[PDB]
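Fold and geometry: a report
One-letter residues, chain by chain:
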Amino acid sequence: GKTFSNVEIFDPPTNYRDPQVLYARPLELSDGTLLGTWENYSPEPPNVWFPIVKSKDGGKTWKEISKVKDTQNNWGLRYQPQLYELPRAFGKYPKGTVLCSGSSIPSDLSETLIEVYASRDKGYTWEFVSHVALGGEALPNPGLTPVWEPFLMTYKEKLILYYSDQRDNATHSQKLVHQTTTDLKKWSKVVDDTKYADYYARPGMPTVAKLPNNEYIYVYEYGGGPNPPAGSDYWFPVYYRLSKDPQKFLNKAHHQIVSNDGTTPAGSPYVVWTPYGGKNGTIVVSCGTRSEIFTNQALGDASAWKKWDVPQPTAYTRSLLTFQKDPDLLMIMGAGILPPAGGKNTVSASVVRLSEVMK
Ligand SMILES: OC[C@@H]1O[C@@H](OC[C@@H]2O[C@@H](O)[C@H](O)[C@H]2O)[C@H](O)[C@H]1O
């Protein structure tokens, strides 16, 4: 069988710091191998690292094959890891190089630094590549200037790195931006992807997927979005935008995700698209406060969102991956909840079939 539920990837030592683990991310390589990483809250020193686990049987079993370490700052690689495989060469880094981006942060949380590291041997060894974005104190409070949450994607001859940015702290509590590169060393000026005029709004957590009508869907949580539910005065509903040019979401109309039964997903979303289910494929979205997946088989039409149960539990920024040799297969991977986590977080995954789940 290719499907499985709740297979454990990592059970953290008892001495790891709340939340112990968080922010799981998967990656499929062109040879079918899977890589996985997460925020790894070990007792320091040594400075924290991003572990790299590898599966050769479609995620049934896993083994750690390396650690991505901060070799530049004597801080550690601490938050918001993101794995990505180059689909083409950039500068001296050929097609098939594995990138691991993430934020390097000293233990005292006084600064944030989004880095790119590269592996030329499919995840066994790593080398620093470049510093992308420096920010201030790593607490999500209005007025601080941190940067967070890198997400990578290619577009033609460019690689784009999307992230969350609090540096414009006289105008936006947080906004969403990107930089681009053609060689993985020189990065463009910051470009805005999504921002709202009320200072207290905090759009965050960008992820992106390519649709088969040559548009891209750009998904994020809209901190401070309208109509918080009774008894809340600030929430993080999931919104998205559509654009033929993925450098230009800023000027595109936004849409909230709401399923046909009225469910409003919120918190730390993650989107993928898979060439399965019909001529438009299937867009799949997870959010960080519910266990279901949300699907759209109409290229992001706002009235076509569906919702389906899966056996993988709710988790912060629960992530998604679709298998290139079988688009019907969906991996859902998580590393538990935001602290306080009560010592309960583990890193785990399920593989489901959209054909079975979508009934
Ligand atoms: O990833 C660990 C997590 O990051 C910090 O918050 C960042 C905050 O999270 C999103 O919801 C927003 O885009 C961003 O400002 C937390 O302090 C830490 O637990």
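Residues numbered from 1 in each chain as written, not as in the entry; some residues may be left out. Heavy atoms only, no water.

This entry lists X-ray crystallography as its structure determination method and reports a resolution of 2.05 Å.

Digging into the pairing of strand β20 (residues 293–296)
Where a strand is regular, its side chains alternate between the two sheet faces. The side-chain alternation of β20 yields two buried faces, one formed by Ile293 and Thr295 and the other by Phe294 and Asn296. As judged from the three bridges shared by strand β19 (residues 282–286) and β20, these two strands associate in the antiparallel manner. The partner of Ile283 across the bridge, within β20, is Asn296. Relative to strand β21 (residues 306–308), β20 runs antiparallel, the two being bridged by three bridges. (Buried < 20%, exposed > 50% of the residue type's maximum accessible area, 1.4 Å probe, protein only. Helix = DSSP H or I, 4+ residues; strand = E, 2+ residues; numbered from the N terminus. Pairing = 2+ DSSP bridges.)

Observations concerning the sheet that holds strand β13 (residues 191–194)
Spatially, four strands are ordered β10-β11-β12-β13 in an open sheet, and the strand pairing comes out antiparallel. One side of each edge strand has no neighbouring strand; the edge strands of this open sheet are β10 (147–155) and β13. Direction aside, the axes of adjacent strands within the sheet are offset by 30 degrees on average. Direction of pairing for β10 relative to strand β11 (residues 158–165): antiparallel, over a ladder of seven bridges. (Axes fitted to C-alpha atoms, helices over the stretch in contact; angles between N-to-C directions.)

Regarding the packing of aromatic side chains
Inspection of every chain in the model, using the stated rule, returns 16 aromatic pairs. Seen from their ring centres, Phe10 and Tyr16 are 6.2 Å apart, and the 50 degrees between their planes marks the pair as tilted. Across the pair, exposure class does not vary: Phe10 and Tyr16 are buried alike. Judged by centre distance (6.4 Å) and plane angle (25 degrees), the ring pair of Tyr79 and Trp148 falls under stacked. Taken together, the positions of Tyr79 in strand β6 (residues 77–85) and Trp148 in strand β10 put the pair 69 residues apart, joining distant regions of the chain. (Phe/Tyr/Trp six-rings, centres within 6.5 Å; stacked < 30°, edge-to-face > 60°.)

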